[PDB]
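*Asks:* My structure is below; once you've seen it, I'll send some questions.
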Amino acid sequence: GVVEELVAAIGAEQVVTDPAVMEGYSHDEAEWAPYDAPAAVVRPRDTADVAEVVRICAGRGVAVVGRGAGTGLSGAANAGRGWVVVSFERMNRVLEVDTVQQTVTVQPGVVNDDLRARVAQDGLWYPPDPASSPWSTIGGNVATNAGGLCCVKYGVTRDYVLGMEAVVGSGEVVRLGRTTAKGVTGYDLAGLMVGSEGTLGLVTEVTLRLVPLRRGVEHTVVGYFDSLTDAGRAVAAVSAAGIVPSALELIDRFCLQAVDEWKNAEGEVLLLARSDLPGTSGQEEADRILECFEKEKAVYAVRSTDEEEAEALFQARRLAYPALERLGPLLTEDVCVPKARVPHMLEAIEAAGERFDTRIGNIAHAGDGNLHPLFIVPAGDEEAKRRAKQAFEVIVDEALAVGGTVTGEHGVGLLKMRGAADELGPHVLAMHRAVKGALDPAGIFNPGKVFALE
Amino acid sequence: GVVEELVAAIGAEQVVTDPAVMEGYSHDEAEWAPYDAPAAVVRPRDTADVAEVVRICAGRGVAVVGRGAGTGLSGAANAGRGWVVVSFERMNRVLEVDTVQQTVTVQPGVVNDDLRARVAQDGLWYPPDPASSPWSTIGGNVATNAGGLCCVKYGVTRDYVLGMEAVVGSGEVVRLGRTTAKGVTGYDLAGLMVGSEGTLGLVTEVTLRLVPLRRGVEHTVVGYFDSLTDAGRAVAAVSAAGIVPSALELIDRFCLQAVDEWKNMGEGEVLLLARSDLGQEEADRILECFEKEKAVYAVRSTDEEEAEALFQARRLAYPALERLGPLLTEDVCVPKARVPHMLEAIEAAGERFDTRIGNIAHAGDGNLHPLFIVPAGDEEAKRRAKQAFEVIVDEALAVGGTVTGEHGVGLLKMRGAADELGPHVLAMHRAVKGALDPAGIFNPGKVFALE
Ligand SMILES: Cc1cc2nc3c(=O)[nH]c(=O)nc-3n(C[C@H](O)[C@H](O)[C@H](O)COP(=O)(O)OP(=O)(O)OC[C@H]3O[C@@H](n4cnc5c(N)ncnc54)[C@H](O)[C@@H]3O)c2cc1C
Ligand SMILES: Cc1cc2nc3c(=O)[nH]c(=O)nc-3n(C[C@H](O)[C@H](O)[C@H](O)COP(=O)(O)OP(=O)(O)OC[C@H]3O[C@@H](n4cnc5c(N)ncnc54)[C@H](O)[C@@H]3O)c2cc1C
Ligand SMILES: [Fe+3]
């Protein structure tokens, strides 16, 4: 009688059982991630509803997986058979914007882009800008510690989580973290929630840190290359010069030429960089970045004196994944290695394609060494699927061999549990099982993702 | 028979038992914090030695309390009777400075200022600059999540900790966190160590993120006031102008006197020292904010040296007051909008309890440091200050602040810490510590109670 207690606790408008409606609430954009039919999909109204849902599911031992917008790429939000999917679509209000403290308090259902537009009205700015910003929730960004494009100079979500309110344990609603500028009272439990991917609790309200709007001119330094190796050597060349570019992205040829077909290519690798320093200070730095592209392999390495053709190339970098998803199933990998390993990793990925006869596109946050190789899977050719799945295990192990990480921003979820286990090791994993057990003694919060419990 | 197992594990020259020597290892600069004679003070050489100390005490259930430079202000490093003090004095080497990744790898025993000067050679910079930087260890800065003067614009220690290696549990050497620029694999166990004050493990190596050197001329904006109330409104003026200053510090009268009566170098009640890191247009905007409020000799300083001399008194305020006797310090942090109100509350706590309370605070972040000098022989004033101590704290939580901003709960703040966190959150601390420290040997009893 799980659905019976839920309706009797939070009403009927907050429980859904139509197998047709629950279809889309149990899987995210991560393809090949298994997902089964959940027992019911709850859409709570406020923290009180979530507290009751967690309490009921805790006693009955029913797995509950929180869901934001369902734009994950590792199946972290995917629901298991009989689970209770908690959709925060109804908790989508920005509660306050304190201009003196320069902080904002939002609900987990808020959309990233919507949040940024609201704070910009008060002259503030929320730096984190994931490619899925137009559709991802702040709840998801906090659960997966999502990153963005400008995170090479302003950090990721974790760098802006001051405090939060979460439902944990048997249904206790607690307020973790702080709201002032400095606080060390107790443990960093608020930070412990960030990057947990909903395996330790449920965030019902988060307090974010803000910054003044950049109200300025973005000097773009555009560069083209003919090889992923040379272009990789240039990104490291700028980082060795000691420059902190406000953006440094790589878009191979296969990816950029596809976006044109959708929305309507000087070289093989397009290295897009940009700086945001005011006045000539930025122009001086943007010029320095240009030389780094020219000194290395340089094809059409020119600084952009146009505020739109620059912005048009960057809008293509954002529409790279959705432009290729319409082109068929797309398997994506997220590794992050040291900046000095970008050339070795780029040439190592390209080599991985020839060994398994699999064409692999490349886009990566060159500023942080976070590579995103994307493979478009042709339908009908199972060997290509199999060859790409084994190449999947080569790029991962190769990134761990140079000292990288199995995931940089997308989250372990399900499609990266193998690599995550090899990176963390038995001791680190054992600590995860212990931590999750103390804060989730019922084992109901998204059990089985990131790491396994046995 | 515990000391014997230790000596039989890490040699004799790494174990000390002389009760005359262990004194300097069993208590920190936090006075009135309880401390007893430890069973031995271990000075490890490498992670292997630290691993042995943890394994031995884990099986025997002997409490171990890690110690850095002993500059804590809440008794976090104070040792309990029969404990084993692990001193990282020997682990004080900078292991690597990766200029391509722009990161540094340090051991816990390294001093803050030493780490900064080291990275300065390679054109890098470590922003976090606590007042005790010249003699505090990086191991301590990570356990307490220390702050500094520039943290109003560059964050605190936790904002630069990329990864670490620690000995947890029964003595397993694990490396938490990452070393790249981005990493989200699993939980943030590294961030969990930060601010734990050594209650979940022992950090033997930390990987900190760095930034390019400033390489510019700072625009210092010095300002004088005649009261903590009027000056408080000036601090809000910079906040009401959308200005993020690289530094904003406030010092009281008795603080300045002690600095001029010690260093003998040198007029106002409070002195707000502002600074920008852009730039003259911003420094000028702040100057007008001071004259907008009660302004005495408010001038946007162009002499970078004379201003730099003024910032030496702000950092030498506590060392200049400890020479005048026992100094009990409180560390509250409230929202910026409560700085003026909170300052007026501190003054009343003095009049109400007949206690002279000096004030220095990072007004830019709302981190207040009211310090009382306790005279010798007048125990009445000591207990009277303890009552104003409970009043200034409750007023910090009532207005939405926190019991501790940068110093840490330790021991002299566990009362307020419990009131702030609450039963639910406290029950979580005992649960977390239990999972990662099933033996309960890592500084047990501090921060929260293991009742
Ligand atoms: C086209 C595209 C571009 C992308 N670009 C980026 C990018 O640039 N950077 C990046 O980091 N990621 C990117 N992603 C994936 C992205 O990380 C996720 O979309 C984003 O992190 C959040 O999406 P979401 O709102 O759907 O969260 P969801 O997928 O719903 O949830 C993700 C995780 O968070 C947990 N969770 C959700 N809500 C809550 C809550 N309220 N409380 C606690 N836990 C919760 C979920 O259970 C799951 O574990 C992209 C995805 C797509 C499809
Ligand atoms: C004069 C003065 C000025 C100060 N100014 C500031 C300031 O501006 N900002 C600020 O934030 N703080 C300040 N402090 C206190 C500051 O927190 C300490 O100076 C700093 O935290 C480190 O001191 P320490 O290295 O002696 O740490 P210790 O006191 O030795 O240790 C502090 C806590 O950390 C734990 N710990 C230490 N090393 C390890 C380790 N290797 N692994 C695990 N746990 C460990 C200790 O056990 C203890 O719990 C000041 C202190 C003084 C005395
Ligand atoms: Fe991305």
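If you're wondering about the labels, chains in the structure tokens are A, B, ... by order shown, residues count from 1 in each chain, ligands from 1 in order shown.
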With only C-alpha atoms considered, list every residue of chain B at most 7 Å from chain A, as a VMD selection string.
*Replies:* chain B and resid 99 to 101 145 174 180 to 188 191 to 192 195 to 196 212 239 to 240 333 to 337 365 367 401 to 406 408 to 409 417 424 to 425 428 431 to 432 435 to 436 447
*Asks:* So which residues of region 89-171 of chain B fall under strand (DSSP E or B) by DSSP, listed as a PyMOL selection string?
*Replies:* chain B and resi 94-98+103-106+111+124-125+137+161-168
*Asks:* Those residues you just picked out, can you put them in a file as an mmCIF file, in the first residue's frame with C-alpha atoms?
*Replies:*
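Wrote result-v4.cif, looks like this:
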```cif
data_model
loop_
_atom_site.group_PDB
_atom_site.id
_atom_site.type_symbol
_atom_site.label_atom_id
_atom_site.label_comp_id
_atom_site.auth_asym_id
_atom_site.auth_seq_id
_atom_site.Cartn_x
_atom_site.Cartn_y
_atom_site.Cartn_z
ATOM 1 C CA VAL B 94 56.658 21.666 -0.310
ATOM 2 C CA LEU B 95 56.527 18.569 -2.496
ATOM 3 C CA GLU B 96 55.645 20.010 -5.908
ATOM 4 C CA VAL B 97 54.757 23.239 -7.726
ATOM 5 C CA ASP B 98 53.042 22.287 -11.005
ATOM 6 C CA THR B 103 48.820 23.799 -8.342
ATOM 7 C CA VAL B 104 51.079 23.054 -5.376
ATOM 8 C CA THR B 105 51.409 19.955 -3.184
ATOM 9 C CA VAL B 106 52.292 20.587 0.462
ATOM 10 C CA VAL B 111 53.802 27.365 7.263
ATOM 11 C CA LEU B 124 52.002 32.075 -8.501
ATOM 12 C CA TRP B 125 49.931 33.154 -5.507
ATOM 13 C CA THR B 137 50.693 25.358 9.307
ATOM 14 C CA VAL B 161 41.741 22.644 -1.442
ATOM 15 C CA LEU B 162 41.773 20.393 -4.509
ATOM 16 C CA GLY B 163 42.716 17.142 -2.779
ATOM 17 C CA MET B 164 44.576 15.520 0.076
ATOM 18 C CA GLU B 165 45.930 12.253 1.449
ATOM 19 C CA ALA B 166 44.882 11.238 4.958
ATOM 20 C CA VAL B 167 45.065 8.262 7.300
ATOM 21 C CA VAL B 168 41.539 7.330 8.396
#
```
*Asks:* Could you build a table of the residues in chain A lying no more than 7 Å from ligand 3, giving for each the nearest pair of atoms and their separation in Å rounded to one decimal place, using only C-alpha atoms and all ligand atoms, ordered by chain and ascending residue number, as JSON lines?
*Replies:*
```
{"residue": "A:130", "atom": "CA", "partner": "ligand 3", "partner_atom_place_in_ligand_line": "1 (Fe)", "distance": 6.3}
{"residue": "A:131", "atom": "CA", "partner": "ligand 3", "partner_atom_place_in_ligand_line": "1 (Fe)", "distance": 6.1}
{"residue": "A:147", "atom": "CA", "partner": "ligand 3", "partner_atom_place_in_ligand_line": "1 (Fe)", "distance": 6.5}
{"residue": "A:148", "atom": "CA", "partner": "ligand 3", "partner_atom_place_in_ligand_line": "1 (Fe)", "distance": 5.9}
{"residue": "A:149", "atom": "CA", "partner": "ligand 3", "partner_atom_place_in_ligand_line": "1 (Fe)", "distance": 6.9}
{"residue": "A:365", "atom": "CA", "partner": "ligand 3", "partner_atom_place_in_ligand_line": "1 (Fe)", "distance": 6.9}
{"residue": "A:409", "atom": "CA", "partner": "ligand 3", "partner_atom_place_in_ligand_line": "1 (Fe)", "distance": 6.7}
```
*Asks:* When you look at residue 265 (chain B) with a cut-off of 12 Å (counting only C-alpha atoms), what residues show up, excluding the ones that are within fewer than 2 positions of it in the same chain? I need them as a PDB file with N, CA and C atoms, in the first residue's frame.
*Replies:*
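And here is the file that came out, out15.pdb:
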```pdb
ATOM      1  N   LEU B 256      44.834  49.347  18.640  1.00  0.00           N
ATOM      2  CA  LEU B 256      45.888  50.215  18.124  1.00  0.00           C
ATOM      3  C   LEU B 256      46.896  50.564  19.212  1.00  0.00           C
ATOM      4  N   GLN B 257      46.404  50.937  20.397  1.00  0.00           N
ATOM      5  CA  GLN B 257      47.294  51.306  21.492  1.00  0.00           C
ATOM      6  C   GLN B 257      48.320  50.211  21.757  1.00  0.00           C
ATOM      7  N   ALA B 258      47.860  48.963  21.868  1.00  0.00           N
ATOM      8  CA  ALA B 258      48.778  47.861  22.129  1.00  0.00           C
ATOM      9  C   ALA B 258      49.811  47.715  21.021  1.00  0.00           C
ATOM     10  N   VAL B 259      49.429  47.999  19.774  1.00  0.00           N
ATOM     11  CA  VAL B 259      50.375  47.877  18.670  1.00  0.00           C
ATOM     12  C   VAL B 259      51.384  49.018  18.702  1.00  0.00           C
ATOM     13  N   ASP B 260      50.947  50.217  19.095  1.00  0.00           N
ATOM     14  CA  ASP B 260      51.863  51.345  19.203  1.00  0.00           C
ATOM     15  C   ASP B 260      52.684  51.309  20.485  1.00  0.00           C
ATOM     16  N   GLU B 261      52.199  50.629  21.522  1.00  0.00           N
ATOM     17  CA  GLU B 261      52.953  50.456  22.755  1.00  0.00           C
ATOM     18  C   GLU B 261      53.912  49.277  22.699  1.00  0.00           C
ATOM     19  N   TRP B 262      53.831  48.450  21.657  1.00  0.00           N
ATOM     20  CA  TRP B 262      54.757  47.344  21.457  1.00  0.00           C
ATOM     21  C   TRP B 262      55.792  47.680  20.389  1.00  0.00           C
ATOM     22  N   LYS B 263      55.349  47.848  19.140  1.00  0.00           N
ATOM     23  CA  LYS B 263      56.264  48.242  18.076  1.00  0.00           C
ATOM     24  C   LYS B 263      56.655  49.710  18.173  1.00  0.00           C
ATOM     25  N   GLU B 306      53.176  53.755   3.228  1.00  0.00           N
ATOM     26  CA  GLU B 306      52.546  54.182   4.475  1.00  0.00           C
ATOM     27  C   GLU B 306      51.277  53.386   4.750  1.00  0.00           C
ATOM     28  N   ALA B 309      52.199  49.996   5.871  1.00  0.00           N
ATOM     29  CA  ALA B 309      52.576  50.020   7.279  1.00  0.00           C
ATOM     30  C   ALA B 309      51.349  49.961   8.176  1.00  0.00           C
ATOM     31  N   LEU B 310      50.237  50.556   7.740  1.00  0.00           N
ATOM     32  CA  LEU B 310      49.011  50.521   8.532  1.00  0.00           C
ATOM     33  C   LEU B 310      48.450  49.106   8.613  1.00  0.00           C
ATOM     34  N   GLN B 312      50.088  46.471   8.828  1.00  0.00           N
ATOM     35  CA  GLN B 312      50.880  45.630   9.714  1.00  0.00           C
ATOM     36  C   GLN B 312      50.333  45.654  11.134  1.00  0.00           C
ATOM     37  N   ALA B 313      49.651  46.735  11.511  1.00  0.00           N
ATOM     38  CA  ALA B 313      49.015  46.786  12.822  1.00  0.00           C
ATOM     39  C   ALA B 313      47.772  45.910  12.864  1.00  0.00           C
TER      40      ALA B 313
END
```
*Asks:* Got a sec to tell me which of region 364-410 of chain A DSSP assigns to helix (DSSP H, G or I), as a VMD selection string?
*Replies:* chain A and resid 382 to 401
*Asks:* Would you output that residue set with N, CA and C atoms, as a PDB file, in the first residue's frame?
*Replies:*
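To be explicit, this is the file written out as out-v7.pdb:
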```
ATOM      1  N   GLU A 382      25.660  -3.473 -34.785  1.00  0.00           N
ATOM      2  CA  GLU A 382      25.938  -3.775 -33.385  1.00  0.00           C
ATOM      3  C   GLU A 382      27.434  -3.824 -33.106  1.00  0.00           C
ATOM      4  N   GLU A 383      28.241  -4.228 -34.092  1.00  0.00           N
ATOM      5  CA  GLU A 383      29.687  -4.205 -33.905  1.00  0.00           C
ATOM      6  C   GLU A 383      30.183  -2.795 -33.616  1.00  0.00           C
ATOM      7  N   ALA A 384      29.621  -1.792 -34.296  1.00  0.00           N
ATOM      8  CA  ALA A 384      30.000  -0.414 -33.998  1.00  0.00           C
ATOM      9  C   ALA A 384      29.640  -0.047 -32.564  1.00  0.00           C
ATOM     10  N   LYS A 385      28.458  -0.460 -32.106  1.00  0.00           N
ATOM     11  CA  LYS A 385      28.107  -0.274 -30.703  1.00  0.00           C
ATOM     12  C   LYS A 385      29.105  -0.987 -29.803  1.00  0.00           C
ATOM     13  N   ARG A 386      29.422  -2.242 -30.134  1.00  0.00           N
ATOM     14  CA  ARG A 386      30.378  -3.005 -29.339  1.00  0.00           C
ATOM     15  C   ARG A 386      31.775  -2.404 -29.419  1.00  0.00           C
ATOM     16  N   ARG A 387      32.200  -1.993 -30.616  1.00  0.00           N
ATOM     17  CA  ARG A 387      33.518  -1.383 -30.759  1.00  0.00           C
ATOM     18  C   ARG A 387      33.603  -0.061 -30.006  1.00  0.00           C
ATOM     19  N   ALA A 388      32.507   0.700 -29.973  1.00  0.00           N
ATOM     20  CA  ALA A 388      32.512   1.946 -29.215  1.00  0.00           C
ATOM     21  C   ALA A 388      32.475   1.686 -27.713  1.00  0.00           C
ATOM     22  N   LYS A 389      31.768   0.637 -27.280  1.00  0.00           N
ATOM     23  CA  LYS A 389      31.733   0.324 -25.854  1.00  0.00           C
ATOM     24  C   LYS A 389      33.103  -0.082 -25.330  1.00  0.00           C
ATOM     25  N   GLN A 390      33.908  -0.761 -26.149  1.00  0.00           N
ATOM     26  CA  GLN A 390      35.251  -1.112 -25.708  1.00  0.00           C
ATOM     27  C   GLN A 390      36.195   0.081 -25.806  1.00  0.00           C
ATOM     28  N   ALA A 391      36.020   0.929 -26.823  1.00  0.00           N
ATOM     29  CA  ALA A 391      36.751   2.193 -26.858  1.00  0.00           C
ATOM     30  C   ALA A 391      36.339   3.098 -25.705  1.00  0.00           C
ATOM     31  N   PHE A 392      35.105   2.943 -25.215  1.00  0.00           N
ATOM     32  CA  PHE A 392      34.672   3.676 -24.029  1.00  0.00           C
ATOM     33  C   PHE A 392      35.576   3.364 -22.845  1.00  0.00           C
ATOM     34  N   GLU A 393      35.951   2.095 -22.690  1.00  0.00           N
ATOM     35  CA  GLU A 393      36.803   1.647 -21.599  1.00  0.00           C
ATOM     36  C   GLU A 393      38.269   2.005 -21.803  1.00  0.00           C
ATOM     37  N   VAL A 394      38.673   2.391 -23.013  1.00  0.00           N
ATOM     38  CA  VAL A 394      40.060   2.780 -23.268  1.00  0.00           C
ATOM     39  C   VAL A 394      40.294   4.243 -22.924  1.00  0.00           C
ATOM     40  N   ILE A 395      39.389   5.127 -23.348  1.00  0.00           N
ATOM     41  CA  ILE A 395      39.539   6.542 -23.028  1.00  0.00           C
ATOM     42  C   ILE A 395      39.471   6.749 -21.522  1.00  0.00           C
ATOM     43  N   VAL A 396      38.631   5.969 -20.842  1.00  0.00           N
ATOM     44  CA  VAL A 396      38.502   6.081 -19.392  1.00  0.00           C
ATOM     45  C   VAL A 396      39.794   5.652 -18.708  1.00  0.00           C
ATOM     46  N   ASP A 397      40.231   4.417 -18.970  1.00  0.00           N
ATOM     47  CA  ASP A 397      41.456   3.916 -18.356  1.00  0.00           C
ATOM     48  C   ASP A 397      42.666   4.747 -18.758  1.00  0.00           C
ATOM     49  N   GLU A 398      42.661   5.302 -19.972  1.00  0.00           N
ATOM     50  CA  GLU A 398      43.771   6.148 -20.395  1.00  0.00           C
ATOM     51  C   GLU A 398      43.777   7.468 -19.634  1.00  0.00           C
ATOM     52  N   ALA A 399      42.592   8.007 -19.336  1.00  0.00           N
ATOM     53  CA  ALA A 399      42.514   9.235 -18.550  1.00  0.00           C
ATOM     54  C   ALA A 399      42.926   8.992 -17.104  1.00  0.00           C
ATOM     55  N   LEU A 400      42.589   7.823 -16.555  1.00  0.00           N
ATOM     56  CA  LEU A 400      43.044   7.489 -15.209  1.00  0.00           C
ATOM     57  C   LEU A 400      44.543   7.225 -15.171  1.00  0.00           C
ATOM     58  N   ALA A 401      45.123   6.763 -16.282  1.00  0.00           N
ATOM     59  CA  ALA A 401      46.549   6.462 -16.294  1.00  0.00           C
ATOM     60  C   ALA A 401      47.397   7.723 -16.214  1.00  0.00           C
TER      61      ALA A 401
END
```
*Asks:* With only C-alpha atoms as the counted atoms, please give the residues lying no more than 12 Å from residue 254 (chain A), apart from itself and same-chain residues fewer than 5 positions off, as a short mmCIF file (atom, residue, chain, number, x, y, z; two decimals) with N, CA, C and O atoms, in the first residue's frame.
*Replies:*
```
data_model
loop_
_atom_site.label_atom_id
_atom_site.label_comp_id
_atom_site.auth_asym_id
_atom_site.auth_seq_id
_atom_site.Cartn_x
_atom_site.Cartn_y
_atom_site.Cartn_z
N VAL A 259 25.95 21.05 -36.52
CA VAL A 259 25.08 22.10 -36.00
C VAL A 259 24.59 23.00 -37.12
O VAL A 259 23.46 23.50 -37.07
N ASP A 260 25.41 23.22 -38.15
CA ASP A 260 24.98 24.04 -39.27
C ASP A 260 23.78 23.42 -39.97
O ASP A 260 22.82 24.13 -40.31
N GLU A 261 23.81 22.11 -40.20
CA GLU A 261 22.68 21.44 -40.84
C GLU A 261 21.39 21.67 -40.08
O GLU A 261 20.31 21.69 -40.68
N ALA A 265 33.76 26.27 -40.97
CA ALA A 265 34.67 25.13 -40.85
C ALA A 265 35.98 25.40 -41.58
O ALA A 265 36.25 24.83 -42.64
N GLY A 267 39.11 24.83 -40.34
CA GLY A 267 40.04 23.74 -40.13
C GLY A 267 39.40 22.48 -39.58
O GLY A 267 38.20 22.26 -39.75
N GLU A 268 40.21 21.65 -38.92
CA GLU A 268 39.72 20.41 -38.33
C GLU A 268 39.34 20.60 -36.86
O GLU A 268 38.34 20.03 -36.40
N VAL A 269 40.12 21.38 -36.12
CA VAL A 269 39.87 21.65 -34.71
C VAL A 269 39.67 23.15 -34.55
O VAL A 269 40.50 23.94 -35.01
N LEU A 270 38.58 23.54 -33.90
CA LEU A 270 38.27 24.94 -33.64
C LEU A 270 38.49 25.21 -32.16
O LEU A 270 37.78 24.67 -31.31
N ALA A 320 25.97 21.82 -29.60
CA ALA A 320 26.68 20.70 -30.22
C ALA A 320 26.03 19.37 -29.86
O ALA A 320 25.79 18.53 -30.74
N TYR A 321 25.74 19.15 -28.57
CA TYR A 321 25.13 17.88 -28.17
C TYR A 321 23.71 17.74 -28.70
O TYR A 321 23.41 16.73 -29.37
N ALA A 323 22.34 19.11 -31.18
CA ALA A 323 22.35 19.04 -32.64
C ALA A 323 22.70 17.65 -33.13
O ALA A 323 22.26 17.24 -34.21
N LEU A 324 23.50 16.91 -32.36
CA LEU A 324 23.86 15.55 -32.73
C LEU A 324 22.91 14.50 -32.18
O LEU A 324 22.90 13.37 -32.68
N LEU A 327 20.48 13.61 -34.64
CA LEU A 327 21.15 12.85 -35.68
C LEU A 327 21.32 11.38 -35.32
O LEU A 327 22.00 10.65 -36.04
N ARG A 359 34.54 6.30 -35.40
CA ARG A 359 34.76 7.74 -35.54
C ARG A 359 34.28 8.46 -34.29
O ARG A 359 33.12 8.32 -33.89
N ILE A 360 35.17 9.23 -33.66
CA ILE A 360 34.90 9.87 -32.38
C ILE A 360 35.05 11.37 -32.55
O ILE A 360 36.12 11.86 -32.92
N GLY A 361 33.96 12.11 -32.29
CA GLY A 361 34.04 13.55 -32.24
C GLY A 361 34.54 14.05 -30.90
O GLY A 361 34.50 13.35 -29.89
N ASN A 362 35.03 15.29 -30.90
CA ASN A 362 35.69 15.85 -29.72
C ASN A 362 35.20 17.26 -29.45
O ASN A 362 35.24 18.12 -30.33
N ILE A 363 34.73 17.48 -28.22
CA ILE A 363 34.52 18.81 -27.67
C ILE A 363 34.89 18.73 -26.20
O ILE A 363 34.53 17.76 -25.52
N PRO A 373 34.47 13.41 -25.32
CA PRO A 373 34.38 12.70 -26.60
C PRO A 373 32.97 12.16 -26.80
O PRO A 373 32.41 11.52 -25.91
N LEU A 374 32.41 12.42 -27.98
CA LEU A 374 31.05 12.01 -28.31
C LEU A 374 31.09 11.09 -29.52
O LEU A 374 31.73 11.41 -30.53
N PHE A 375 30.40 9.95 -29.42
CA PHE A 375 30.30 9.00 -30.51
C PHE A 375 28.85 8.85 -30.93
O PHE A 375 27.99 8.51 -30.11
N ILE A 376 28.57 9.12 -32.20
CA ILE A 376 27.24 8.91 -32.78
C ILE A 376 27.14 7.46 -33.21
O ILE A 376 27.93 6.99 -34.05
#
```
*Asks:* List every residue of chain A that has an atom at most 6 Å from any atom of ligand 1, giving for each one its closest atom pair and the distance in Å to one decimal, counting only C-alpha atoms and all ligand atoms, sorted by chain and then by ascending residue number, as a Markdown table.
*Replies:*
```
| residue | atom | partner | partner_atom_place_in_ligand_line | distance |
| --- | --- | --- | --- | --- |
| A:28 | CA | ligand 1 | 29 (O) | 6.0 |
| A:29 | CA | ligand 1 | 53 (C) | 5.8 |
| A:65 | CA | ligand 1 | 47 (O) | 5.2 |
| A:66 | CA | ligand 1 | 47 (O) | 4.2 |
| A:67 | CA | ligand 1 | 30 (O) | 3.9 |
| A:68 | CA | ligand 1 | 30 (O) | 3.3 |
| A:69 | CA | ligand 1 | 26 (O) | 3.5 |
| A:70 | CA | ligand 1 | 26 (O) | 3.5 |
| A:71 | CA | ligand 1 | 26 (O) | 3.5 |
| A:72 | CA | ligand 1 | 29 (O) | 3.7 |
| A:73 | CA | ligand 1 | 15 (C) | 5.2 |
| A:76 | CA | ligand 1 | 49 (O) | 4.1 |
| A:77 | CA | ligand 1 | 48 (C) | 4.0 |
| A:108 | CA | ligand 1 | 41 (N) | 4.7 |
| A:130 | CA | ligand 1 | 8 (O) | 3.4 |
| A:131 | CA | ligand 1 | 5 (N) | 3.5 |
| A:132 | CA | ligand 1 | 3 (C) | 3.9 |
| A:136 | CA | ligand 1 | 25 (O) | 3.5 |
| A:137 | CA | ligand 1 | 25 (O) | 3.7 |
| A:139 | CA | ligand 1 | 41 (N) | 4.0 |
| A:140 | CA | ligand 1 | 27 (O) | 3.3 |
| A:141 | CA | ligand 1 | 21 (O) | 4.4 |
| A:143 | CA | ligand 1 | 34 (O) | 4.1 |
| A:144 | CA | ligand 1 | 33 (C) | 5.3 |
| A:146 | CA | ligand 1 | 11 (O) | 3.4 |
| A:147 | CA | ligand 1 | 11 (O) | 3.8 |
| A:148 | CA | ligand 1 | 8 (O) | 4.5 |
| A:197 | CA | ligand 1 | 49 (O) | 3.5 |
| A:198 | CA | ligand 1 | 44 (N) | 3.6 |
| A:202 | CA | ligand 1 | 42 (N) | 4.0 |
| A:203 | CA | ligand 1 | 42 (N) | 3.9 |
| A:321 | CA | ligand 1 | 1 (C) | 5.1 |
| A:322 | CA | ligand 1 | 1 (C) | 5.2 |
| A:409 | CA | ligand 1 | 11 (O) | 4.2 |
| A:410 | CA | ligand 1 | 17 (O) | 4.6 |
```
*Asks:* Give as a VMD selection string the residues surrounding ligand 2 up to a distance of 7 Å, considering only C-alpha atoms and all ligand atoms.
*Replies:* chain B and resid 28 to 29 65 to 73 76 to 77 88 108 130 to 133 136 to 141 143 to 149 197 to 198 201 to 204 318 to 319 406 to 407 410 443
*Asks:* Rounded to one decimal, what separation in Å do you get between CA of residue 16 (chain A) and CA of residue 40 (chain A)?
*Replies:*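 Interatomic distance, CA of residue 16 (chain A) to CA of residue 40 (chain A): 5.5 Å.
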*Asks:* For residue 40 (chain B), which residue among B:60, B:153, B:81, B:323 is the nearest when counting only C-alpha atoms?
*Replies:*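 Closest to residue 40 (chain B), using only C-alpha atoms: B:81.
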